[PDB]
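# Take a look and give me a structure for this.
(chains A and B)
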Protein chains: 2
Amino acid sequence: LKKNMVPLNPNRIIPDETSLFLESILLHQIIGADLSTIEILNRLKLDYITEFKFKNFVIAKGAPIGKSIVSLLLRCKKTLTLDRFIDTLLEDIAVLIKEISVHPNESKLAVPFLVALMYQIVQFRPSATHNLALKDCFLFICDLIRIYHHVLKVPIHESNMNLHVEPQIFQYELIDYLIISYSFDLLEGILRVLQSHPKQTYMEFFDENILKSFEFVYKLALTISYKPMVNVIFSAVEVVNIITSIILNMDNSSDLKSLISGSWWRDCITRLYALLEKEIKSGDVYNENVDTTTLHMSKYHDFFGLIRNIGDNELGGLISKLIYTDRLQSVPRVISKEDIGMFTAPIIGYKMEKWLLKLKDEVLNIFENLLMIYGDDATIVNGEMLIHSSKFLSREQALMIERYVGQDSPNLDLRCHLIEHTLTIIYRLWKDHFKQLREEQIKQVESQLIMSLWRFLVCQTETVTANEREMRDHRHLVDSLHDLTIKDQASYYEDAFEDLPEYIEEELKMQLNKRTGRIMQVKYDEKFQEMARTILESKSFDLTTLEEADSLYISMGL
Amino acid sequence: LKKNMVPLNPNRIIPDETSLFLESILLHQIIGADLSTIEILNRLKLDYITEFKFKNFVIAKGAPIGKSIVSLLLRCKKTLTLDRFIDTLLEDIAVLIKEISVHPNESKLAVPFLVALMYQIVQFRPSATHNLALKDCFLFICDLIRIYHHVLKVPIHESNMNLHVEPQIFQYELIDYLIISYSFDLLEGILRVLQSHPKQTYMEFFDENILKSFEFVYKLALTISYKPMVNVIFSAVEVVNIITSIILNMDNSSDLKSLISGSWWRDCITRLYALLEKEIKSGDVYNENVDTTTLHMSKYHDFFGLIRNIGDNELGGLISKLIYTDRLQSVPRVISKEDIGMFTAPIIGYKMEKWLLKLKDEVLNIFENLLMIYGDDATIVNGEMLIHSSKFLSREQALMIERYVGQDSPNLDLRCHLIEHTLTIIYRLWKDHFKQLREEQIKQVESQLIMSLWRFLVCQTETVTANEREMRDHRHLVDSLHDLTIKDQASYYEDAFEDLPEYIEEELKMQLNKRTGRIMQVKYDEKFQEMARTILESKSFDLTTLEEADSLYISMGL
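Numbers count the residues shown, from 1 in each chain, chains lettered A, B, ... in the order given. Take a look:
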């Protein structure tokens, strides 16, 4: 009777999750380093704090620090289950980072590896990390960054008599760059594991102090008057993405919104506007050039970081060469600063452009989110998302048409995705938020709005493509890199791309065609033509009179 | 219908046994040492082997060794289950011990801690250690001891012109004493985890090479012409105990017995005879005195060892002070040899006598075993167990009656247990093995056999105890220490000894009475009187004529 059911396993090995977590801590290794993180902390002592102790976490004066970490780990594996083992490790390593940090004489070499270790502790099982531990860890990392106040506050230009006669040493600068970058990466990690918790419990994380501390550190990261560290700009805007994305996806959204003032957003969005108007150019990413106009990714902080692999990791060998690896020490191993740099490839510049274009996609994506949060009018959905976004759309169509077509870079498609995205940031601002699009603000960008819509409606002529034979000749000219990409995807990495049955490559010779149309800046997609049509031609606001509009239509045909 | 059964657990956490084994390795620590064993091996490098590698177990030249152990442990936790994780660790640490050992220039400081670590690997789950790993580990430890050939071969007495002008250093001597003692302790551990396996599979362990290698190392340990190390004598006779005990407790006992020659036993038993005739005296245990007559436990090897806690562990601080603990080194930290020794307590001598009396109980216990193996006659159950055991019985009755009664030492009872045990080693030799008790050999000990039986049959008079009132006055005189022992057991450590219902202390005032009788050397137990009666009076052999026997009976009464 009912011999159908799936039979259980009588000897289920539910794996010991705290043992897996112990092992993932013990063989945690940051990319490019020779030793493991615990095996670097076995080579570190702290010789000014004569006796560290918080809660049976004694470190002696000359003892290895990672000796005490692995003693804590073994001692608290036996005792605590996973959700208590996590926050025990978080508060103990936090207190150690704290009193190594607030000290006048002591070197801070243990701090980057303890922050990376703390990040490995947080993100291991995101369901197991209770969010009061996340709250305390978030507040600790924010005031840890305000301890390292000066790393994100180097001035733009130095003295003319700033003589570079100095030992030119990089090891302390490398340490506090690692501290700041791993700290911002840990803030992103805290908020994305908090994003994974059930959606009724976000108020256990958020209070006044969370948002004040992130307001300080966000004004610190997306700087105006100091040299930008791009590593922290990525993470500092991804935090704002996680914030808007959970304001959209929680039920009691009022408590976050009533907890946030208007000044928080109108200090955030102006720095996002100042970030969206910066330039992304391959030939001078890694250059040091004019300030606050080129997102540029400095040579002196080029490593991966804890989440995403952002440069080519040129400073990853120096993390391993920051310690002597056969010795127990406190001061750093000497890294010369001008030995790095040695000319082979500008492909590195192309992929750093790829990251910076995804950064601008991120910025106008959180614009797209907080249109949807503040669907009703406020201080912040206030018409300057016509000004800055239409300036952006118009210039990234203009120098696309003037500069990028036929330049065999991988980053063209994404760069003509940005415009294709930000039109929609125009469009739902036009259709669904016209009540705040003030008449004085629309005429600040009446040039650029109308011209940017015109460069979409020019594609309805379409005397270019119309067939298949010369379009593939065009994509030999503009889009050979994506032919290499799709052949490498077809021969290695895609399950659908073998034994192609003459219906799956007739979709390829539809979508490569519409891709190379959308790159060649004639024949965009029909839907974006409609969205650009129903802004200019629609009578919600008179952009053009009827005798000024057909002066634009005669410059296509019509 | 049948709502009686015990309900199972739907969320059984079967604990990950290889995680527990990983943790027991990582926090293994030998008694008296400051650091853990892995944490000592983090402080050791090997700077003459420029690159060690066996099977992806690479050690660099200046790397920490315990770094490579913990790398192997983490790497093989993921992959191997427990019975393969064990023998992977055994053969890898064996190859490391091997090529550190056979090297002319390299210091051998890693070897004691790797042997102690190997012992922790073996005995963790004895059911999980497959016995071919035990066979290979046994053969490795036996030829490891024959590598350290010279530790158990220092001569008895030195030159008169052996000037003690020399740096007088102990650290290398401490290392190879630790190597030999932990190796013999590991041989005992191999054979007792092999003793715990199911009794059909002993032939997977034993072959010719096992018994030849233990024959060599057993002739090496129980020495004749060299200075004895008592640490290895305990373990080397406990191995012979495990061998005789499993020959008694296996089904196919012939294969062990056909694998053992007669020369193996007749070289074993003569060294056991030479061990049974040594003296145990408290005032010169820890002295250095005349050779091969006093079991004496030298000052220069007084530590615990891996199984049993044998001395007071005076050299346990020097194991921790053998390394610099803030440094990665290869040569030992300098230990002065004549700093030890500083007079407070001869209680240490009493408990070392307690161990040596248990050692003699062990020797005549394996005599009792191999009477039962070779119930039929052989080369070895051959009548000299009348000579040596009756010499032993007669002298340990004689100087008990002359020296020990009223000397308030804890070791009296056990010393009058030995005689009470070895009478039975006489008795079943008398009753059940008379076919080989040759007539010429009985008259070699006809003095001592008859006198030792006479000192039991003198107790049938019993005009001493006969009541309760003066027997407790006698045990104030001879046995006050056991009153302290039973009061400490009664007030702290025994569940039955509270609310004593006047039937459980009326057994105490039976058994303290028979204990103090058996100590006072008048009124032994009635059963041992019968065993001594049915040897002398019985007519299996005419020890006495009928007119010589009543000359012995008139010296009691009769």
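# quick one: contacts for residue A:289?
Residues in contact with residue A:289 (C-beta atoms under 8 Å, 6 or more residues apart in numbering or on different chains) are residue A:296. No exception for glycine: its C-beta is placed from N, CA and C like everyone else's.
# meant to ask about residue A:47, not that
Residue A:47 neighbours (C-beta under 8 Å, 6+ apart): A:61-62, A:106, A:330.
# Check residue A:497 too.
Neighbouring residues of residue A:497 by C-beta under 8 Å, 6+ apart: A:489-491, A:504.
# Of all residues in chain A, which one is closest to chain B?
Residue nearest to chain B within chain A (C-beta to the nearest C-beta): residue A:19, separated by 3.6 Å.
# give me the number of residues near that residue?
19 (other C-beta atoms under 10 Å in any protein chain shown).
# Ignoring the adjacent residues along the chain, who's closest to it?
Spatial nearest neighbour of residue A:19, chain neighbours left out: residue B:19 (3.6 Å); criterion: C-beta to C-beta, 6 or more residues apart in numbering or on different chains.
# Please name every helix or strand in contact with whatever helix or strand residue A:38 lives in.
Element membership of residue A:38 [criterion: DSSP states H and E] is helix A:37-41. Counting contacts by 3 or more C-beta pairs under 8 Å, 6 or more residues apart in numbering or on different chains; DSSP states H and E, helix A:37-41 is packed against helix A:65-79, helix A:110-122.
# Can you get me a residue count around residue A:253?
Count around residue A:253 with other C-beta under 10 Å applied: 14.
# actually residue A:11, not the one I typed
7.
# give the contact list for it.
residue B:14.
# hang on, residue A:326 packs against residue B:43?
No - look at residue A:326 against residue B:43 with C-beta atoms under 8 Å: they stay out of range, at 11.5 Å.
# Give me the common contacts of those two.
residue B:328.
# which of the two has more neighbours?
Using other C-beta under 10 Å as the criterion, residue A:326 and residue B:43 rank with residue B:43 on top: 22 against 14.
# before we move on, which element is the most centrally placed residue in chain A in?
By C-alpha atoms, centre = their mean, chain A has its centre lying nearest to residue A:234, at 3.4 Å. Taking DSSP H and E as the criterion, residue A:234 maps to helix A:230-248.
# helices and strands around that helix, which ones?
helix A:171-195, helix A:208-221, helix A:253-259, helix A:262-276, helix A:347-373.
# Report the buried residues of stretch A:7-14.
Of all the residues in stretch A:7-14, not one is buried under the rule 16 or more other C-beta atoms under 10 Å in any protein chain shown.
# Distance from that stretch to the middle of the chain?
Distance, stretch centre to chain centre, for stretch A:7-14: 42 Å (C-alpha atoms, centre = their mean, to the nearest Å).
# for it, how far is the first residue from the last?
Start and end residues of stretch A:7-14 are separated by 17 Å (C-alpha to C-alpha, to the nearest Å).
# CA-only coordinates of stretch A:172-191 in PDB, if you can.
Provided in PDB are the C-alpha atoms of stretch A:172-191 (Å, rounded to 0.1, in the frame of the first residue of the first chain):
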ATOM      1  CA  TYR A 172      52.500  51.800   6.000                       C
ATOM      2  CA  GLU A 173      50.500  53.400   3.200                       C
ATOM      3  CA  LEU A 174      49.800  49.800   1.900                       C
ATOM      4  CA  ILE A 175      48.600  48.800   5.400                       C
ATOM      5  CA  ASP A 176      46.100  51.600   5.900                       C
ATOM      6  CA  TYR A 177      44.900  51.400   2.300                       C
ATOM      7  CA  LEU A 178      44.200  47.700   3.000                       C
ATOM      8  CA  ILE A 179      42.400  48.700   6.300                       C
ATOM      9  CA  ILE A 180      40.200  51.300   4.600                       C
ATOM     10  CA  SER A 181      39.400  49.100   1.600                       C
ATOM     11  CA  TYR A 182      38.700  46.000   3.600                       C
ATOM     12  CA  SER A 183      36.600  48.000   6.000                       C
ATOM     13  CA  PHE A 184      34.400  49.400   3.200                       C
ATOM     14  CA  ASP A 185      34.200  46.000   1.700                       C
ATOM     15  CA  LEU A 186      33.100  44.600   5.100                       C
ATOM     16  CA  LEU A 187      30.400  47.300   5.300                       C
ATOM     17  CA  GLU A 188      29.100  46.000   1.900                       C
ATOM     18  CA  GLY A 189      29.300  42.500   3.200                       C
ATOM     19  CA  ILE A 190      27.400  43.300   6.400                       C
ATOM     20  CA  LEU A 191      24.600  44.900   4.400                       C
END
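# in that stretch, what counts as buried?
Buried-residue list, stretch A:172-191, by 16+ other C-beta under 10 Å: A:174-175, A:177-191.
# Then stretch A:476-486?
Neighbour-count burial for stretch A:476-486 [16+ other C-beta under 10 Å]: A:478-479, A:482, A:486.
# pretty sure residue A:167 is in a helix, no?
No - checked against DSSP: H, G, I helix; E, B strand; the rest coil, residue A:167 lies outside a helix; its state is coil.
# coming back round to it: greatest separation within the contacts of residue A:497: which pair is it?
Using C-beta to C-beta, the contacts of residue A:497 span at most 14.7 Å, a distance reached by A:491 and A:504.
# I figured residue A:461 hits residue A:553, correct?
No - using C-beta under 8 Å, residue A:461 is not in contact with residue A:553, being 10.7 Å away.
# residues touching the closest residue to residue A:236 other than its chain neighbours, list them.
Nearest residue to residue A:236 in three dimensions, chain neighbours excluded: residue A:221, at 3.8 Å (C-beta to C-beta, 6+ apart). Residue A:221 makes contact with A:152, A:184, A:229, A:232-233, A:235-236, according to C-beta under 8 Å, 6+ apart.
# Likewise for residue A:453?
A:532-533, A:535-536.
# need the residues of the stretch 301-450 of chain A near chain B, please.
A:326-328 (C-beta under 8 Å from any C-beta of the partner chain).
# helix or strand for the residue nearest to residue A:19, which one?
helix B:17-26.
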